[PDB]
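Asks: following this: a sequence and the matching experimental structure.
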Amino acid sequence: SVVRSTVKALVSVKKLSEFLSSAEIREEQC
Amino acid sequence: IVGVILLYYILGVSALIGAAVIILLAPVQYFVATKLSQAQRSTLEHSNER
Amino acid sequence: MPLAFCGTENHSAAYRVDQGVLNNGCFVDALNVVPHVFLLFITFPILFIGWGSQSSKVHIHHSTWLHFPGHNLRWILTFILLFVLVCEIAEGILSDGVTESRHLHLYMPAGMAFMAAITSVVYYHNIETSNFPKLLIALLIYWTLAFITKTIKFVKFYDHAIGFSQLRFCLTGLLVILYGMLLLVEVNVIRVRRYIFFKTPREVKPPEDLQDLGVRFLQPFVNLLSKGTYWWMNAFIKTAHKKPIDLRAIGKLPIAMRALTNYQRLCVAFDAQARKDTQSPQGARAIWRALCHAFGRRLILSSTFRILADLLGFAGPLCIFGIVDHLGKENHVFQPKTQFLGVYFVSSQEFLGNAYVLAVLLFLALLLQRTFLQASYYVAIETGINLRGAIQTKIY
Amino acid sequence: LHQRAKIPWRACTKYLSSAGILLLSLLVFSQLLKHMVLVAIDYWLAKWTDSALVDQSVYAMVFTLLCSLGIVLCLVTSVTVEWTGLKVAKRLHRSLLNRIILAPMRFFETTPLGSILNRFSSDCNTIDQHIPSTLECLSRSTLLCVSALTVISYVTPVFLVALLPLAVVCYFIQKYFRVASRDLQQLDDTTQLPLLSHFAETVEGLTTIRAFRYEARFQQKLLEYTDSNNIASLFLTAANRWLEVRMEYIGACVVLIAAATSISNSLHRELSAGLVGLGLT
Amino acid sequence: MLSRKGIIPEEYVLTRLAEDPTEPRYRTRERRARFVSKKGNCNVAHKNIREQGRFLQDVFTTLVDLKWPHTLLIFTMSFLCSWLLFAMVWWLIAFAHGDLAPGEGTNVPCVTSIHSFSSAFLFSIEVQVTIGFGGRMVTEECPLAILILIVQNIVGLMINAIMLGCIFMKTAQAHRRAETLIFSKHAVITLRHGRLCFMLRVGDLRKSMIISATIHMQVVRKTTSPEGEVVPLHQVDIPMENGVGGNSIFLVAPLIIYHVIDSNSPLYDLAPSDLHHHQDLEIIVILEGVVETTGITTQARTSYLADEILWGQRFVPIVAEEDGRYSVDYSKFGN
Amino acid sequence: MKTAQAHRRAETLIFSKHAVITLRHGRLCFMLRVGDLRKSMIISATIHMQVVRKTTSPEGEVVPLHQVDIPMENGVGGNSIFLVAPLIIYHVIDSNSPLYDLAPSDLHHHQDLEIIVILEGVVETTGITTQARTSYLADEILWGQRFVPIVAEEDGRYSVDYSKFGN
Amino acid sequence: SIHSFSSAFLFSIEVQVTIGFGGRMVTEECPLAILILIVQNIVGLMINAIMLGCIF
Ligand SMILES: Nc1ncnc2c1ncn2[C@@H]1O[C@H](COP(=O)(O)OP(=O)(O)OP(=O)(O)O)[C@@H](O)[C@H]1O
Ligand SMILES: Nc1ncnc2c1ncn2[C@@H]1O[C@H](COP(=O)(O)OP(=O)(O)OP(=O)(O)O)[C@@H](O)[C@H]1O
Ligand SMILES: O=S(=O)(Nc1cc(CC2CCCCC2)n[nH]1)c1ccccc1Cn1ccnc1
Ligand SMILES: [K+]
Ligand SMILES: [K+]
Ligand SMILES: [K+]
């Protein structure tokens, strides 16, 4: 169960990184 | 590891074989859990359709 | 045959005071009880007054707390002292068994020390609850007197040349070390507070979250024993038994567990990682490194507690095997025989062959193991919840 | 009074209307025989060790037969539990569908029609997937506890004197923990649902929030929901840990008392260290 | 055994929009908060108390406030601890001197008739409680024992003085006597001389007269100023409508306390319709006065909620003249 | 006699660190907060307010520290109060009041102005009158400020947050 | 020096009023008597304190 949870967490972290590296609201500072 | 090391002194090779039985059965339980997860996914999609 | 504190053997030969009073084995043992009886006689009226006041106290319902420096150190020192005193009690019980007479001086001082330690830790808890540092003078005096008596006992044993081969000598040395550490802790607390000689003390106010009346989760701000045993949850369970639990019952979360605070900490960690390494992409490994750098100070503690519990787990089987091996001998009349001055000191191997001693060690080991397991579970859950809140805030 | 309700009548009606008689009898017999064999293997091992510690002979076959019987009994118990759960779920679903089909449209209009759907989907899923495993685990745990208590009592007759106050304390702790935990789980669910609702509404109306410049207010609301969910989870875990430490202390006290009694009886009753190991383990 | 984990693939997807909390909703009419109870004992809870040891500083005050059983327990524990400590000191002194050893009486013992810890404890008891059997006498060759005796005598005298003072202070208390005052269960409001007034009856049970009687009337309610101030429990003094204006009264028979409701009085805009239970209104009457026996001021506290006010009612006469004196029927106090 | 002393108990009274002045009902008044820590009630509570300042008469008299009594603006005029929760003590500044010609500009540190409040009352335990003395300098006066509410109602009673005494 | 109820009463008087003649001494082998003596001393002190307070 620990190993399966670790694998699922790795998949989740990869998916979250991919989501974070997506498009963002431009010209926010301006 | 510590338990196996101490049990080697406590009993010997037979205890090591008995422990290795469970050690080898653990990946079998992992595979059974994976198959159970696949069956649960199939049941979940069927239940969602229903 | 009346009750004699010293050895009644040889028409009460243990009461002789020749060749120096300090050379008498029973005399130093009697001296060691003086700090314990003094501490009892001082604390018992104080504890009675405190209990009577609490019986009709209304300000203590929402009174705040201010933990003194080295709170966890004090608690662990008290626990180690209790364990050492239990070991001394067991050794005395094993030693005096061979003697026909009781030889009360072997174990009664140890029991008095155990009771004194319990009263002292209760007194320290009361002083922590009610911020009155001036009352620590009696505790400091007790610590100094106990340390002096234990040092006298240790030097008497050294003159008798007990050596490290004697469990009684080892336990005496450990007790001396523990008393010295407790004295150092008390001195450090006094120095921090600056309440005895310095005109202006450096008082410390309770934390704002604790002062807030909308906070009910008192686990972070509790005594170490209360936090470990989850003792503060008894009142919550009692209230839940009658009144159903609603949002009103669940108080506001403290500052340490704030989702905003966790998000700010995560952002600080990300900024620090970006400053250290100029890596434009934000990879999974980078996220893992940031999470480790953000939550290691609790993850390592939880892992250490789990490791300690796992190590103490084998104590069960070890004690069981030892007990069965000891009981496997047909002859049980035999007793350890190692006499130096009539006290019949018991070596480590002979001491470990006692079924009652093994059972007591097993009980203590199980208690510590399961307490550490529960503490590790709680720490891991709290860390995971904080990480979840921070991740949710970052996603938002 | 309404909250404090174990409600065994609902479980009994469920068993009677979905399982039957043969399946329940087979399940009970399999569980009882399996735990009887679990006791018997330990007893036989203790007797064999005592005999070997120097009629009697080498029990190289009786122990193997007992182990095989125990394994077969466990397999039969698991298979019967799963089959009974599957059949119960099927029959209950069919009965519920038949009742829903033959229901008045006036009652349909009166009902919100959302609670019916929730009970038809989520409750049925929990029954089909969680009820059999939960029942099997609970039965195994309680039967193992009963077996351990019986073994301890058999080894030391005087154990029950200390056990009875400990049993009362355990009953009180279990009652209080269940009463608290039901409300804790309900509050946890009713606090985690609004967080998901807020996330969904924020995702749907991101442009609207940006136009209205309410990002700070929405973030504050999300933080409040997250804090509520986190504090509810923390209280639930605190209750779980308090129950765990209470039960662990009770078990440690039981171990200490049993060990002391066994040591005392070893030098007088001459247990020959046979039952001592079984009681300790 | 074991259990399962919280693996939720989609949380049944459709599992939503359940609603229907079915809450009991019984907290609306649970209870009404009272500032003080009918028998004093102000029901006010203190929170965020930051004490700096001043609670334990007043050790004597805490001892006096302690009940009689607690005081007796503290007395016994303190005396037993002192006796045990002194007995242990005497035993240690005897052991150091060597007189405890059952040897020949070649040397003069530090303390005579010392044979065991029981004998040492008996000697300590005799010394501290000044019994002096004399069998266990003190030799002239034990200066340390002499100093210990002096210290023990000083400690015993100080402890006796402290305990006597605490006992006297506890005996001087008269709160139980203060509880003997009787107030009307429900107050009434009725017209007097064409003017509406709030009447109330107060009486005493014990024949002992209370000197310097002084009664204070106040109204506790939430008052908000036009400037925007929010006062949760605003207290306004209420005059007794006395002939001279003073609060001093002469209470022998149960008297009727009435306050004329004038324009300046806050009760000038009150109606019997708004006299229900859940009303932001509470009348507090505080009576002060010294006891002729103890000479200690006593305080009586009572509360009258809006539901406890009997609009349009009149207290029945309670005093009836007899052949030689007057009689008071206390069973008519609340009629 | 030493045991009968209760000066330490008298020290348990709590007064506002800085006083405030604000309008009430269209009238300016000098507010101040006083509270008690111990649950023991003090009987016969009586508070006296005076102003200490150098006052020179038109006749030429020079008084170094002139003390003038200040009314409490009570509903009945008496100084007797019932203190359970920390109450707000306010004095209405009328024409006859010496504070009738005071401005926030002249409320600096080095100002010939000091407010003295003396509280008197007997203890329900010892029966001994106790005195509380506090001072409020001009720099200690918070012009145009209002004390926050301190009492909060609970399910069964009322609660006082003593951490809000000086806010 | 215990011979009759009169002697017992004299010993009780000496103990309670702290006279201590010493002819009727207390042995070290009577723990129940020691406890009774302690209780009697406590009761006498409490009674004296109460009576003094009432007199004052
Ligand atoms: N005759 C009496 N003797 C003692 N206490 C009395 C008497 N009459 C009333 N009280 C007290 O008055 C308080 C109000 O409660 P209770 O209803 O008993 O009295 P009441 O309204 O004055 O009744 P009653 O009709 O007797 O005048 C109580 O504390 C009660 O003890
Ligand atoms: N909660 C409290 N408990 C005890 N004393 C208090 C408390 N709050 C204020 N005081 C006392 O009020 C006096 C004023 O100093 P301090 O600044 O500490 O208080 P304050 O102005 O009332 O503060 P706060 O913001 O807590 O109300 C001090 O004597 C202080 O001890
Ligand atoms: O016994 S545990 O502490 N179990 C437990 C689950 C939760 C969930 C909460 C946190 C998430 C939200 C709901 C409440 N809190 N505690 C336990 C601890 C550590 C390892 C193994 C276990 C046993 N285990 C695992 C799965 N099921 C039982
Ligand atoms: K005497
Ligand atoms: K004498
Ligand atoms: K005497």
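Replies: It's in. Numbering: from 1, shown residues only, chains lettered A, B, ... in the order given. Ligands and ions are numbered 1, 2, ... in the order given.

Asks: for the closest residue to ligand 6 within the stretch 101-250 of chain C, pull up the helix or strand it's in.
Replies: Closest to ligand 6 within the stretch 101-250 of chain C is residue C:112: 32.2 Å, counting by C-beta to the ion. Heads up, the C-betas are built off the backbone N, CA and C, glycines and all. Using DSSP states H and E, residue C:112 sits in helix C:108-129.

Asks: determine the set of other helices and strands touching the next helix-or-strand element following that helix.
Replies: Using DSSP H and E, the helix or strand that follows helix C:108-129 in sequence is helix C:136-160. On a contact count with 3 or more C-beta pairs under 8 Å, 6 or more residues apart in numbering or on different chains; DSSP states H and E, helix C:136-160 meets helix C:25-55, helix C:108-129, helix C:167-193.

Asks: and the angle from helix C:136-160 to helix C:25-55?
Replies: Orientation check (axes from the mean of the first three to the mean of the last three C-alpha atoms, to 10 degrees): helix C:136-160 against helix C:25-55 gives 160 degrees.

Asks: picking that back up, now do the helix holding residue C:112: distance to the chain's middle.
Replies: 11 Å (C-alpha atoms, centre = their mean, to the nearest Å).

Asks: and for stretch B:40-50?
Replies: A distance of 26 Å separates the centroid of the chain from that of stretch B:40-50, by C-alpha atoms, centre = their mean.

Asks: do the same with stretch E:258-265
Replies: 34 Å.

Asks: for stretch D:160-176, same thing?
Replies: Relative to the centre of its chain, stretch D:160-176 is centred 18 Å away, using C-alpha atoms, centre = their mean.

Asks: what ranges does the stretch 1-150 of chain E have for its strands?
Replies: Remark: strands assigned in the stretch 1-150 of chain E by DSSP state E, counting those that start in this stretch are E:44-47.

Asks: not counting sequence-adjacent ones, nearest residue to residue D:35?
Replies: Excluding its sequence neighbours, the residue lying closest to residue D:35 (C-beta to C-beta, 6 or more residues apart in numbering or on different chains) is residue D:143, at 4.7 Å.

Asks: would you confirm that the one you found contacts residue D:30?
Replies: No - counting by C-beta atoms under 8 Å, residue D:30 is not a contact partner of residue D:143; they are 11.1 Å apart.

Asks: looking at those two, which one has more neighbours?
Replies: Shown here are residue D:143 and residue D:30; by other C-beta atoms under 10 Å in any protein chain shown, residue D:30 has more neighbours (20 against 17).

Asks: longest single helix anywhere in chain B?
Replies: What stands out as the longest helix in chain B, according to DSSP state H, is helix B:13-49.

Asks: hmm, that helix in reach of chain C?
Replies: No - judged by C-beta under 8 Å from any C-beta of the partner chain, helix B:13-49 and chain C are separated, with a smallest distance of 12.0 Å.

Asks: hmm, that helix touching chain A?
Replies: Yes - contact of helix B:13-49 with chain A (C-beta under 8 Å from any C-beta) involves B:30, B:33, B:34.

Asks: which strands or helices does that helix pack on?
Replies: Where contact means 3+ C-beta pairs under 8 Å, 6+ apart, helix B:13-49 is packed against helix A:2-20, helix B:2-10, helix D:124-129.

Asks: ramachandran angles for residue D:16?
Replies: With angles defined as degrees, to the nearest 10, residue D:16 sits at phi -60, psi -40.

Asks: picking that back up, surely the residue nearest to residue D:35 is in a strand?
Replies: No - applying DSSP: H, G, I helix; E, B strand; the rest coil, one finds residue D:143 to be helix, outside a strand.

Asks: and it, how far is that from residue D:77?
Replies: According to C-beta to C-beta, to the nearest Å, residue D:143 stands 10 Å off from residue D:77.

Asks: could you tell me which residues touch both of those two?
Replies: residue D:31 (C-beta atoms under 8 Å, 6 or more residues apart in numbering or on different chains).

Asks: what sits against residue D:38?
Replies: Contact partners of residue D:38, counting by C-beta under 8 Å, 6+ apart, are D:70, D:144, D:147.

Asks: what about the second one, how many residues close to it?
Replies: Spelled out, it's residue D:144. By other C-beta under 10 Å, the burial measure for residue D:144, its neighbour count, is 13.

Asks: any idea how far it is from ligand 2?
Replies: Distance of residue D:144 to ligand 2, given as C-beta to the nearest ligand atom, to the nearest Å: 54 Å.

Asks: with the first one instead?
Replies: Using C-beta to the nearest ligand atom, we find residue D:70 at a distance of 66 Å from ligand 2.

Asks: okay, and that residue sits in which element?
Replies: Taking DSSP H and E as the definition, one finds residue D:70 inside helix D:62-101.

Asks: for that helix, list every residue counted as buried.
Replies: D:66, D:69-70, D:73-74, D:76-77, D:80-81, D:84-85, D:88-89, D:92-93 (16 or more other C-beta atoms under 10 Å in any protein chain shown).

Asks: so is the next helix or strand after it next to chain E?
Replies: Past helix D:62-101, further along toward the C-terminus, the next helix or strand under DSSP H and E is helix D:105-110. No - interface with chain E: helix D:105-110 contributes nothing (C-beta under 8 Å from any C-beta), its closest point being 12.8 Å away.

Asks: tell me what helix D:105-110 is packed against?
Replies: Helix D:105-110 sits against no helix or strand, with contacts defined as 3+ C-beta pairs under 8 Å, 6+ apart.

Asks: which is the succeeding secondary structure element to that helix?
Replies: Downstream of helix D:105-110, the first helix or strand assigned by DSSP H and E is helix D:114-118.

Asks: and the nearest residue to residue D:252 once chain neighbours are set aside, how many neighbours?
Replies: When the adjacent residues along the chain are set aside, residue D:252 lies closest to residue C:366, with 4.8 Å between them (C-beta to C-beta, 6+ apart). Neighbours of residue C:366 under the rule other C-beta under 10 Å: 22.

Asks: quick revisit: residue F:90 versus the residue nearest to residue D:35, what's the distance?
Replies: Per C-beta to C-beta, residue D:143 is found 74 Å from residue F:90.

Asks: contact partners for the closest residue to chain D within chain B?
Replies: Relative to chain D, the nearest point of chain B is residue B:47 (6.2 Å; C-beta to the nearest C-beta). Listed by C-beta under 8 Å, 6+ apart, the contact partners of residue B:47 are D:121, D:125.

Asks: against residue D:85, how distant is it?
Replies: According to C-beta to C-beta, residue B:47 and residue D:85 sit 16 Å apart.

Asks: what do you get for residue E:51?
Replies: In this view, residue E:51 and residue D:85 are 60 Å apart by C-beta to C-beta.

Asks: apart from its chain neighbours, what residue comes closest to the residue of the stretch 251-396 of chain C found nearest ligand 3?
Replies: Nearest to ligand 3 in the stretch 251-396 of chain C, going by C-beta to the nearest ligand atom, is residue C:377, at a distance of 4.7 Å. In this structure, residue C:377 finds its nearest non-sequential neighbour in residue D:241, 6.4 Å apart by C-beta to C-beta, 6+ apart.

Asks: the one you found - that's part of a helix, no?
Replies: Yes - residue state for residue D:241 (three-state DSSP) corresponds to a helix.

Asks: residues contacting it?
Replies: C:230, C:374, C:377, C:378.

Asks: from these, which ones fall inside helices?
Replies: C:374, C:377, C:378.

Asks: of those, closest to ligand 4?
Replies: Closest approach to ligand 4 among these (C-beta to the ion): residue C:374, at 59.5 Å.

Asks: residue C:234 versus that closest one, what's the distance?
Replies: Residue C:374 sits 15 Å away from residue C:234, going by C-beta to C-beta.

Asks: and what of residue D:83?
Replies: From residue D:83 to residue C:234 the distance is 44 Å (C-beta to C-beta).

Asks: then residue C:145?
Replies: Distance check for residue C:145 against residue C:234: by C-beta to C-beta, it reads 36 Å.

Asks: comparing these two, which residue is more hemmed in?
Replies: Comparing residue C:145 with residue C:234 by other C-beta under 10 Å, the one with more neighbours is residue C:145, at 18 against 14.
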